[PDB]
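Visitor: I'd like to ask you about the structure that follows.
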Amino acid sequence: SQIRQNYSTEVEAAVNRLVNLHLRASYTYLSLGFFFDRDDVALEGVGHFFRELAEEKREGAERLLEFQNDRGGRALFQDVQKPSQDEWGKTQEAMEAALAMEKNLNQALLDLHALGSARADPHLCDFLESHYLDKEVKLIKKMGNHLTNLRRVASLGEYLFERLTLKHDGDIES
Amino acid sequence: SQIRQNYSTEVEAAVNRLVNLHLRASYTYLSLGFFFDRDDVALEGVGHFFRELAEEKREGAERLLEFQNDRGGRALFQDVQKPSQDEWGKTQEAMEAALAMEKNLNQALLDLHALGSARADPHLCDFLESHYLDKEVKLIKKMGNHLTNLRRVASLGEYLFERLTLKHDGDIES
Amino acid sequence: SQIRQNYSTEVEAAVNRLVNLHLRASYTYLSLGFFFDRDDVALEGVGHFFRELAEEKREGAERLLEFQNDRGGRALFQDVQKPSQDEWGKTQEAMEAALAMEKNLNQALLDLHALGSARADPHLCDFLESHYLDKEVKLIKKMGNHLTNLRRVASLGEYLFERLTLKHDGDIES
Amino acid sequence: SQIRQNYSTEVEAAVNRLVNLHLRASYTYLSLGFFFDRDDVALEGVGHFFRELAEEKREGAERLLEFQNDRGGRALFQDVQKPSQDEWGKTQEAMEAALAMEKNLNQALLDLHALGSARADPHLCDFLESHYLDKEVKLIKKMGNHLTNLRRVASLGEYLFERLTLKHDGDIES
Amino acid sequence: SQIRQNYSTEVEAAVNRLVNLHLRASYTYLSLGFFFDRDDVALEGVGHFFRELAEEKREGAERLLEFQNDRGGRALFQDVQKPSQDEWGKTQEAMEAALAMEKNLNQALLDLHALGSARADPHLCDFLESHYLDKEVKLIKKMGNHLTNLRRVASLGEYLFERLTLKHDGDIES
Amino acid sequence: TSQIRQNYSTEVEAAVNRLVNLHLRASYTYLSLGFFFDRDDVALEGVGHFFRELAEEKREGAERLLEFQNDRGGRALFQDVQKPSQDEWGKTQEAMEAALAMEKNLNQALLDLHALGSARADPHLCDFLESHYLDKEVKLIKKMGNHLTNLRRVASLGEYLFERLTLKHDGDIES
Amino acid sequence: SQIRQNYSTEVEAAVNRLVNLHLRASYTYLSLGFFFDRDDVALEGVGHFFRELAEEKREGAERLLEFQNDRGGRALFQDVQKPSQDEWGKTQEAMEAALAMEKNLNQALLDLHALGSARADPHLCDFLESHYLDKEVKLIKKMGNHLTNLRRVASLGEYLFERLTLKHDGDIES
Ligand SMILES: [Fe+3]
Ligand SMILES: [Fe+3]
Ligand SMILES: [Fe+3]
Ligand SMILES: [Fe+3]
């Protein structure tokens, strides 16, 4: 690693378990994503929402892996834990189960900035800030808004929420 | 000054407190619009509605200052009072609080016309007519229609109203 | 709130008073902006300059509120006090008054970034040093350059400056 | 009528009978217009002229009803009195009967403005001035000019007039 | 009436009172449609629906006059009765008031075709069959479908019906 | 007595007639003021074009009063248009001052006519004056006042720069 | 039903058996059509001809059902009778069988128009006249012409006819 410079091994190991955090997160989003496409639920909108969330997480993890080899470090891959559940009931707990993941995923992330801000790594204070932290802050507010809307309609409102909110904006957001 | 002509100080001072009336009005509208973007409410439709009404008011006040210096008058700026409240409960009171703002605002305009119409100022008597009073009538009617609809659905109706009326007519009333 | 996480109240109170700082700042430039389009001054260029600056400040204040309700906090609105003065004399003092009003704004921003760097808020570091602190440094240099040019021409030069510098740039800059 | 404001009933009752004045006016022009496309007359130009005038009056009456519900008023519909005649003879008296219908219509409008101008309704001032009163003054002059031309040619000239004046500008005003 | 041929006065008088049937029908439809754009109701969709039905009727009538003078007859105009009611409660009775008023219109048309078919007028067969009876049948079916849907949702259903059926199909049919 | 005449008195019909001629004298002084600056001894093309276009704005104003007239049934007559106020206008600073003096007098006659009609209750006069004339006059007085405030500040080198950098620049793009 | 008007059951029952006549008619036609693209016959032209005729008949039957539910009546579906044959030999008999099946269809339609014209239903007169009876007359003449041509060539001519008449026009008579 002739390129390695100002990259502590105490932080190098953190992004590795952070990588796998994003991997596990996308893994549970994918499972959440397909549970809602099942016939027993038949909510196309929420399924697409969570599968797109898994896309985002899987692209984030692959970004921490190129940030790694960019910063000279060598990364390893612990196994990816199965999702924290197997059937997610209705959408209202599923979003809270999901919002619980982001706050955790945003929590484990702020630690990495706090870690590097202590070890005085500015490139990390730029890369996290730029890519990850703003996206995480914007993502919690999205699931927060969706939860506030779900509680309002709460299962007729559970049906209308998918059509009038998740499917509409989901088609026009991306 | 040199251009000043048929512009009395008895009316010149009125538009000054009318200027600040619009400034205060947009100030309550801005705070109303951001209150509805909070996670606790999460009503994007009403939020955008009020946040774009605040800009109509701010452009109204800035029109009164373009009218002022046109008539040679000199306008001073009293401070802008904080809004009426700080958190506005649910949209049905917020639209009621808002419709209460217009009728008060439309009242000051009728007052200013009656002032100049008695004091024989034509330029005002048919610049207000043109730029302000018709807009105010249309705005009161729009907010009244929204209130009548809100009471009908009245909180599932609160969510459906946003989705199926405010967001739609906001996208197509850009 | 649900979304609120790693967002203090010691800083939540600061962005609230920074919101109102920006609000007053626009209120300063607005009045400064219209004074210069008055007949007694008749400087179209400086008037447009300061009105566009008020546009910028108002768009900034509205950016701290969409950062606030996003970061979880609940923001309140103290009243916006009237500008500093009421008749700004010559453009050389008004730009000096403005540059004086501007630097104080950059000072509050530096204070807020220091507060966040102490309380270890990285998302605030990103958001500020991206959207606000860079725009501020460029703004002081612009008013600084204008002041250096005004001193040079210093009222024929006051006429030419607005004519050959403010108006030309104002058309082509935006 | 939560929107109702500065809208009297002494005037609200007038716009209601003005609505029916316009309705009967179109009913006058409709029957006057089909009489002229009858075989016994066979004047296509005058028929189209009066049918378009009936269309204009119907669009006017529908404008006083959209002005009504704008001002919160409630409008009731008295029956529409049949036209003042049944066999209009020839174009020279028919234009005279028509010009008699306009001056009466313009008279009711002047009365309605004088009413609101007394009761100090500026929105009605604006609305009448803008839409109705300028259209009326200009419409009387059109029928006035047509009558002056009809007298000149006065039935060969009656054939040419409709052929060479009404039909030409009719397509030009189409 | 040199053109008159196979046109009896026993049927000529029928289309005359059939004209006024359409005129009254549009007159009831017009008032029904403006009542629904009032603030107390604030149903834009049903208002537009009935206001466009009024114009469909008003163009139906103006066709009976274009059919009349074509077939040689001379048509007179009795006065147009004010509508049935003056305020129409809510949507469900207003559509029933309409469908009940609509069926009567189709009833008079069947009477006129029976009259002409007994009196052996084939041009009336063609004209009615093509231009009128098919339209009245389609209109009765549309009003019936709307009534069934209204009863299904029957006032949240009254709001949702407007938004999700009347406004949509009115914009896309037009 | 005309068929179309309605709610149009002679106390106003005579006013718009002398108002017509006011605009005619106004274009006349503006025309002569405009060509004076085209002369070699002044050679200010910017101010010349400014005033020559002001003259056409006034002339189009006067023809609005005449077609407002015959629209409102009245019959209008034409008193002669007396020569402009002056014959040589010296410097632009007096010429703009003489001009701003012509507007305020002209805006005054309009306010007078509308006060006359508003008392006699002619709403069509409201609609026509307030719309086509009074707003234009307010903005014209403001434009000439701005030009005057600029002229005094830059005050004959500044008399030259004002024409190039202000009158001619916008004169091209504001027209 | 609510919409039902001037629609008797003595005729409502007829269109129901006419629906099934068309259904069996198409069922006859498609079976006649696939027999002709069999290997033992190998006449693609006649096969396409009869399959397109089955398309037409099926579109007709669906037009009597959209006429039915439109006239308020309720329609039931008797079972569709197997075609009148299973192996149609040569094209000359199959066209004769078809023209025999066709004329019977026109006969039922003439019966239905006679029924309605006696029972004085003008809407059925219009609907049948317009859509069905004119298409039926043109269809017999087409199969009549084809039969006359088949007799002329009558199996070389059976090959050429399909090749030179049915296929050529069939492509350009899509
Ligand atoms: Fe006006
Ligand atoms: Fe940083
Ligand atoms: Fe027939
Ligand atoms: Fe007025």
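Residues in the structure tokens are numbered from 1 in each chain, the chains being A, B, ... in the order shown, and ligands are numbered from 1 in the order shown.
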Would you mind listing the residues within 7 Å of ligand 2, counting only C-alpha atoms and all ligand atoms, as an NGL selection string?
Guide: (:A and (125-126)) or (:C and (122 or 125-126))
Visitor: Would you output that residue set with N, CA, C and O atoms, as a PDB file, in the first residue's frame?
Guide:
ATOM      1  N   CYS A 125     -13.918  13.204   6.629  1.00  0.00           N
ATOM      2  CA  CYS A 125     -14.860  14.253   7.011  1.00  0.00           C
ATOM      3  C   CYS A 125     -15.481  14.901   5.791  1.00  0.00           C
ATOM      4  O   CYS A 125     -16.494  15.590   5.905  1.00  0.00           O
ATOM      5  N   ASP A 126     -14.892  14.698   4.625  1.00  0.00           N
ATOM      6  CA  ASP A 126     -15.461  15.180   3.380  1.00  0.00           C
ATOM      7  C   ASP A 126     -16.320  14.142   2.691  1.00  0.00           C
ATOM      8  O   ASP A 126     -17.415  14.465   2.237  1.00  0.00           O
TER       9      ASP A 126
ATOM     10  N   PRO C 122     -21.811  16.663  12.453  1.00  0.00           N
ATOM     11  CA  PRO C 122     -21.140  16.714  11.156  1.00  0.00           C
ATOM     12  C   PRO C 122     -22.069  17.156  10.047  1.00  0.00           C
ATOM     13  O   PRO C 122     -21.638  17.777   9.073  1.00  0.00           O
ATOM     14  N   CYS C 125     -21.921  20.722   9.904  1.00  0.00           N
ATOM     15  CA  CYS C 125     -20.687  21.143   9.252  1.00  0.00           C
ATOM     16  C   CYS C 125     -20.854  21.112   7.748  1.00  0.00           C
ATOM     17  O   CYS C 125     -20.590  22.102   7.060  1.00  0.00           O
ATOM     18  N   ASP C 126     -21.323  19.985   7.222  1.00  0.00           N
ATOM     19  CA  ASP C 126     -21.565  19.870   5.789  1.00  0.00           C
ATOM     20  C   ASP C 126     -22.498  20.963   5.299  1.00  0.00           C
ATOM     21  O   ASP C 126     -22.150  21.735   4.403  1.00  0.00           O
TER      22      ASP C 126
END
Visitor: Give the residues close to ligand 4, within 12 Å, counting only C-alpha atoms and all ligand atoms; write them as a tab-separated table (two decimals) with N, CA and C atoms, in the first residue's frame.
Guide:
chain	number	residue	atom	x	y	z
B	113	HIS	N	-58.85	51.90	-0.33
B	113	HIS	CA	-59.56	52.42	-1.48
B	113	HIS	C	-60.56	53.48	-1.05
B	114	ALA	N	-61.35	53.19	-0.01
B	114	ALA	CA	-62.31	54.17	0.47
B	114	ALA	C	-61.62	55.46	0.89
B	116	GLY	N	-58.70	56.78	-0.45
B	116	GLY	CA	-58.37	57.52	-1.66
B	116	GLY	C	-59.58	57.87	-2.49
B	117	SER	N	-60.60	57.00	-2.49
B	117	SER	CA	-61.80	57.29	-3.26
B	117	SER	C	-62.52	58.52	-2.72
B	118	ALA	N	-62.48	58.70	-1.40
B	118	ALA	CA	-63.01	59.93	-0.81
B	118	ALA	C	-62.04	61.08	-1.02
B	120	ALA	N	-60.13	61.38	-3.36
B	120	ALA	CA	-60.05	61.62	-4.80
B	120	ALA	C	-58.65	61.35	-5.36
B	121	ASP	N	-58.18	60.12	-5.19
B	121	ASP	CA	-56.95	59.69	-5.85
B	121	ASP	C	-57.28	58.62	-6.86
B	122	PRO	N	-57.27	58.92	-8.15
B	122	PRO	CA	-57.66	57.91	-9.13
B	122	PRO	C	-56.61	56.83	-9.31
B	123	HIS	N	-55.34	57.22	-9.35
B	123	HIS	CA	-54.28	56.26	-9.59
B	123	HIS	C	-54.34	55.12	-8.59
B	124	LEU	N	-54.50	55.45	-7.32
B	124	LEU	CA	-54.73	54.40	-6.33
B	124	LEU	C	-56.07	53.70	-6.57
B	125	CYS	N	-57.13	54.48	-6.81
B	125	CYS	CA	-58.48	53.92	-6.88
B	125	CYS	C	-58.61	52.88	-7.97
B	126	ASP	N	-57.69	52.87	-8.92
B	126	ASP	CA	-57.74	51.85	-9.95
B	126	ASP	C	-56.38	51.22	-10.24
B	127	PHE	N	-55.43	51.35	-9.33
B	127	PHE	CA	-54.31	50.44	-9.19
B	127	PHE	C	-54.56	49.37	-8.15
B	128	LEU	N	-55.14	49.74	-7.00
B	128	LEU	CA	-55.64	48.72	-6.09
B	128	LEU	C	-56.65	47.83	-6.79
B	129	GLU	N	-57.67	48.44	-7.38
B	129	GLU	CA	-58.65	47.68	-8.15
B	129	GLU	C	-57.97	46.63	-9.02
B	130	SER	N	-56.94	47.04	-9.76
B	130	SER	CA	-56.36	46.17	-10.77
B	130	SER	C	-55.51	45.08	-10.14
D	113	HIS	N	-73.24	50.34	-11.38
D	113	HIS	CA	-72.00	50.96	-10.94
D	113	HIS	C	-72.30	52.11	-9.98
D	114	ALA	N	-73.28	52.95	-10.32
D	114	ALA	CA	-73.64	54.05	-9.44
D	114	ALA	C	-74.08	53.53	-8.08
D	116	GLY	N	-73.05	50.59	-6.48
D	116	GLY	CA	-71.87	50.19	-5.73
D	116	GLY	C	-70.92	51.34	-5.48
D	117	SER	N	-70.85	52.29	-6.42
D	117	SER	CA	-70.00	53.46	-6.21
D	117	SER	C	-70.53	54.30	-5.05
D	118	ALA	N	-71.84	54.24	-4.81
D	118	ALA	CA	-72.40	54.88	-3.62
D	118	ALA	C	-72.10	54.05	-2.38
D	120	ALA	N	-69.83	52.11	-1.98
D	120	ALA	CA	-68.38	51.96	-1.84
D	120	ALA	C	-67.95	50.50	-1.97
D	121	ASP	N	-68.28	49.89	-3.10
D	121	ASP	CA	-67.76	48.56	-3.41
D	121	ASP	C	-66.73	48.70	-4.52
D	122	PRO	N	-65.44	48.62	-4.22
D	122	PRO	CA	-64.45	48.85	-5.27
D	122	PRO	C	-64.27	47.66	-6.17
D	123	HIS	N	-64.51	46.45	-5.67
D	123	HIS	CA	-64.35	45.28	-6.50
D	123	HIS	C	-65.38	45.27	-7.62
D	124	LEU	N	-66.61	45.65	-7.31
D	124	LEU	CA	-67.61	45.79	-8.37
D	124	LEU	C	-67.23	46.91	-9.33
D	125	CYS	N	-66.66	48.00	-8.82
D	125	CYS	CA	-66.16	49.05	-9.69
D	125	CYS	C	-65.20	48.46	-10.71
D	126	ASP	N	-64.15	47.80	-10.23
D	126	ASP	CA	-63.17	47.17	-11.11
D	126	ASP	C	-63.84	46.22	-12.09
D	127	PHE	N	-64.68	45.32	-11.59
D	127	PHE	CA	-65.22	44.26	-12.41
D	127	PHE	C	-66.10	44.81	-13.52
D	128	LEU	N	-67.05	45.68	-13.17
D	128	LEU	CA	-67.87	46.32	-14.19
D	128	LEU	C	-67.03	47.11	-15.17
D	129	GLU	N	-66.26	48.08	-14.68
D	129	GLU	CA	-65.39	48.87	-15.55
D	129	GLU	C	-64.67	47.98	-16.55
D	130	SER	N	-63.88	47.03	-16.04
D	130	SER	CA	-63.06	46.18	-16.89
D	130	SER	C	-63.90	45.41	-17.89
F	114	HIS	N	-60.79	63.43	-14.48
F	114	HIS	CA	-61.37	62.28	-13.78
F	114	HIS	C	-62.15	62.73	-12.56
F	115	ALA	N	-61.71	63.79	-11.89
F	115	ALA	CA	-62.52	64.34	-10.81
F	115	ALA	C	-63.85	64.84	-11.35
F	117	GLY	N	-65.49	63.70	-14.10
F	117	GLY	CA	-66.32	62.55	-14.41
F	117	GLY	C	-66.74	61.76	-13.18
F	118	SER	N	-65.83	61.63	-12.21
F	118	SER	CA	-66.16	60.88	-11.01
F	118	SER	C	-67.24	61.57	-10.19
F	119	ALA	N	-67.28	62.90	-10.24
F	119	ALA	CA	-68.37	63.63	-9.61
F	119	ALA	C	-69.66	63.47	-10.40
F	121	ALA	N	-70.22	61.08	-12.21
F	121	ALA	CA	-70.46	59.64	-12.21
F	121	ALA	C	-70.50	59.07	-13.62
F	122	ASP	N	-69.35	59.13	-14.30
F	122	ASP	CA	-69.18	58.41	-15.55
F	122	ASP	C	-68.21	57.28	-15.32
F	123	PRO	N	-68.66	56.03	-15.28
F	123	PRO	CA	-67.73	54.94	-14.98
F	123	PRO	C	-66.85	54.58	-16.16
F	124	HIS	N	-67.34	54.77	-17.38
F	124	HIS	CA	-66.51	54.49	-18.54
F	124	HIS	C	-65.34	55.44	-18.59
F	125	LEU	N	-65.53	56.67	-18.13
F	125	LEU	CA	-64.40	57.57	-18.00
F	125	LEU	C	-63.41	57.06	-16.96
F	126	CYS	N	-63.90	56.55	-15.82
F	126	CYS	CA	-63.01	55.86	-14.90
F	126	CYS	C	-62.17	54.83	-15.63
F	127	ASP	N	-62.82	53.82	-16.19
F	127	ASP	CA	-62.12	52.74	-16.84
F	127	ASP	C	-61.13	53.22	-17.88
F	128	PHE	N	-61.50	54.20	-18.70
F	128	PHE	CA	-60.65	54.63	-19.79
F	128	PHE	C	-59.47	55.47	-19.32
F	129	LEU	N	-59.73	56.54	-18.57
F	129	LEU	CA	-58.63	57.34	-18.04
F	129	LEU	C	-57.71	56.50	-17.17
F	130	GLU	N	-58.23	55.96	-16.07
F	130	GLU	CA	-57.37	55.26	-15.12
F	130	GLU	C	-56.51	54.22	-15.82
F	131	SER	N	-57.06	53.56	-16.83
F	131	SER	CA	-56.32	52.48	-17.48
F	131	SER	C	-55.30	53.02	-18.46
Visitor: When you draw a straight line from atom CA of residue 25 of chain E to atom CA of residue 83 of chain E, how long is it in Å?
Guide: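 Straight-line distance from atom CA of residue 25 of chain E to atom CA of residue 83 of chain E works out to 7.9 Å.
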Visitor: Would you kindly return, as a CSV table (one decimal) with N, CA, C and O atoms, in the first residue's frame, each protein, DNA or RNA residue with an atom no farther than 8 Å from any atom of segment 51-55 of chain B, considering only C-alpha atoms and excluding same-chain residues fewer than 5 positions away?
Guide:
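Generated output (part29.csv):
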chain,number,residue,atom,x,y,z
B,25,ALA,N,-48.2,39.4,7.0
B,25,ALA,CA,-49.1,38.3,6.5
B,25,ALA,C,-48.3,37.2,5.9
B,25,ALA,O,-48.5,36.0,6.2
B,26,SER,N,-47.3,37.5,5.0
B,26,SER,CA,-46.4,36.5,4.5
B,26,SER,C,-45.6,35.8,5.6
B,26,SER,O,-45.3,34.6,5.5
B,27,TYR,N,-45.3,36.6,6.7
B,27,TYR,CA,-44.6,36.0,7.8
B,27,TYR,C,-45.3,34.9,8.5
B,27,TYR,O,-44.8,33.8,8.8
B,28,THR,N,-46.6,35.1,8.7
B,28,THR,CA,-47.4,34.0,9.3
B,28,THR,C,-47.6,32.9,8.2
B,28,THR,O,-47.7,31.8,8.6
B,29,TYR,N,-47.7,33.3,7.0
B,29,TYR,CA,-47.8,32.3,5.9
B,29,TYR,C,-46.6,31.4,5.8
B,29,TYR,O,-46.7,30.2,5.6
B,30,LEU,N,-45.4,32.0,5.9
B,30,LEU,CA,-44.2,31.2,5.9
B,30,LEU,C,-44.2,30.2,7.0
B,30,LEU,O,-43.8,29.0,6.9
B,32,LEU,N,-46.7,29.1,8.9
B,32,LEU,CA,-47.7,28.1,8.6
B,32,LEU,C,-47.2,27.1,7.6
B,32,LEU,O,-47.4,25.9,7.9
B,33,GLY,N,-46.6,27.5,6.6
B,33,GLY,CA,-46.1,26.6,5.5
B,33,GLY,C,-45.0,25.6,6.0
B,33,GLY,O,-45.0,24.5,5.6
B,34,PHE,N,-44.2,26.1,6.9
B,34,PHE,CA,-43.1,25.2,7.4
B,34,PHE,C,-43.6,24.4,8.5
B,34,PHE,O,-43.0,23.3,8.7
Visitor: Kindly indicate which residue among D:156, D:164, D:151, D:132 lies nearest to ligand 1, using only C-alpha atoms and all ligand atoms for the distances.
Guide: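 Of the candidates, the smallest distance to ligand 1 is held by D:132.
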Visitor: How would you write, as number ranges by chain, the set of residues in segment 33-155 of chain E that DSSP gives as alpha helix (DSSP H)?
Guide: E: 33-35, 44-68, 91-118, 122-127, 134-153
Visitor: Quick one: pull the distance between atom CA of residue 110 of chain C and atom CA of residue 10 of chain C, Å, one decimal.
Guide: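 Atom-to-atom, atom CA of residue 110 of chain C to atom CA of residue 10 of chain C, that is 15.5 Å.
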Visitor: For residue 94 of chain D, work out the shell of residues within 10 Å, counting only C-alpha atoms and skipping chain neighbours fewer than 6 positions away, then give it as a VMD selection string.
Guide: chain D and resid 29 32 to 33 36 46 50 87 to 88 100 147
Visitor: Go ahead and write the selection's residues with N, CA, C and O atoms as a JSON list (two decimals), in the first residue's frame.
Guide:
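Final output, selection.json:
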[["chain", "number", "residue", "atom", "x", "y", "z"],
["D", 29, "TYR", "N", -81.65, 38.25, -28.77],
["D", 29, "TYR", "CA", -80.76, 38.17, -29.92],
["D", 29, "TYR", "C", -80.83, 36.80, -30.57],
["D", 29, "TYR", "O", -80.63, 36.67, -31.77],
["D", 32, "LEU", "N", -84.08, 36.98, -32.62],
["D", 32, "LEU", "CA", -83.80, 37.94, -33.68],
["D", 32, "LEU", "C", -82.83, 37.36, -34.70],
["D", 32, "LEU", "O", -82.89, 37.71, -35.88],
["D", 33, "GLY", "N", -81.95, 36.46, -34.27],
["D", 33, "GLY", "CA", -80.94, 35.95, -35.17],
["D", 33, "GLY", "C", -81.43, 34.81, -36.03],
["D", 33, "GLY", "O", -81.01, 34.66, -37.18],
["D", 36, "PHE", "N", -83.67, 35.88, -39.03],
["D", 36, "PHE", "CA", -82.98, 36.40, -40.20],
["D", 36, "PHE", "C", -82.37, 35.31, -41.06],
["D", 36, "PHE", "O", -82.00, 35.59, -42.20],
["D", 46, "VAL", "N", -76.75, 38.94, -41.20],
["D", 46, "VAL", "CA", -77.37, 39.52, -40.01],
["D", 46, "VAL", "C", -77.72, 38.42, -39.02],
["D", 46, "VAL", "O", -77.62, 38.60, -37.80],
["D", 50, "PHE", "N", -76.38, 38.43, -35.15],
["D", 50, "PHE", "CA", -77.19, 38.45, -33.94],
["D", 50, "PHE", "C", -77.02, 37.18, -33.13],
["D", 50, "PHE", "O", -77.10, 37.20, -31.90],
["D", 87, "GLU", "N", -91.75, 38.99, -34.79],
["D", 87, "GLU", "CA", -91.55, 39.06, -36.23],
["D", 87, "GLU", "C", -90.90, 40.41, -36.53],
["D", 87, "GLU", "O", -91.59, 41.42, -36.66],
["D", 88, "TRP", "N", -89.57, 40.41, -36.66],
["D", 88, "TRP", "CA", -88.83, 41.66, -36.60],
["D", 88, "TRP", "C", -88.79, 42.41, -37.92],
["D", 88, "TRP", "O", -88.10, 43.42, -38.01],
["D", 100, "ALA", "N", -81.84, 49.46, -29.28],
["D", 100, "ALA", "CA", -82.67, 49.80, -28.13],
["D", 100, "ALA", "C", -82.45, 48.83, -26.98],
["D", 100, "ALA", "O", -82.58, 49.21, -25.81],
["D", 147, "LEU", "N", -76.35, 51.01, -38.14],
["D", 147, "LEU", "CA", -77.60, 51.71, -38.43],
["D", 147, "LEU", "C", -77.37, 52.89, -39.35],
["D", 147, "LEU", "O", -78.15, 53.14, -40.27]]
Visitor: Please compute the atom CA of residue 92 of chain C-atom CA of residue 47 of chain C distance, one decimal, in Å.
Guide: 13.3 Å
Visitor: Just need the residues of chain B within 7 Å of chain D, counting only C-alpha atoms, so spit them out as a tab-separated table (two decimals) with C-alpha atoms, in the first residue's frame.
Guide:
chain	number	residue	atom	x	y	z
B	114	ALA	CA	-62.31	54.17	0.47
B	129	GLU	CA	-58.65	47.68	-8.15
B	130	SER	CA	-56.36	46.17	-10.77
B	133	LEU	CA	-58.65	43.62	-4.85
B	134	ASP	CA	-59.43	41.07	-7.56
B	137	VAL	CA	-61.41	38.17	-3.80
B	138	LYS	CA	-60.09	35.16	-5.73
B	140	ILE	CA	-60.69	34.41	-0.23
B	141	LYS	CA	-62.86	32.28	-2.51
B	144	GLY	CA	-63.28	29.26	1.46
Visitor: Go through C:49, C:166, C:40, C:150 and flag the residue nearest chain F, using only C-alpha atoms for the distances.
Guide: C:40
Visitor: Could you name the residues that touch residue 11 of chain G at 9 Å or less, counting only C-alpha atoms, but leaving out those on the same chain fewer than 3 positions away, as an MDAnalysis selection string?
Guide: chainID G and resid 7:8 14:16 112 115:116 119
Visitor: Mind dumping the selected residues with C-alpha atoms as a PDB file, in the first residue's frame?
Guide:
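Final output, selection-v9.pdb:
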ATOM      1  CA  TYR G   7     -87.522  -0.170 -23.514  1.00  0.00           C
ATOM      2  CA  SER G   8     -89.898  -3.114 -23.407  1.00  0.00           C
ATOM      3  CA  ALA G  14     -85.151 -10.460 -28.641  1.00  0.00           C
ATOM      4  CA  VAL G  15     -81.760  -8.731 -28.637  1.00  0.00           C
ATOM      5  CA  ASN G  16     -80.687 -11.373 -26.124  1.00  0.00           C
ATOM      6  CA  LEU G 112     -86.070  -7.093 -34.718  1.00  0.00           C
ATOM      7  CA  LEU G 115     -90.701  -5.610 -33.775  1.00  0.00           C
ATOM      8  CA  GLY G 116     -89.342  -2.271 -32.595  1.00  0.00           C
ATOM      9  CA  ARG G 119     -93.649  -1.279 -30.743  1.00  0.00           C
TER      10      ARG G 119
END
Visitor: Kindly determine which residues of chain F lie within 10 Å of chain C, considering only C-alpha atoms, and give the answer as a PyMOL selection string.
Guide: chain F and resi 142-155+157-158+161-162+165-166
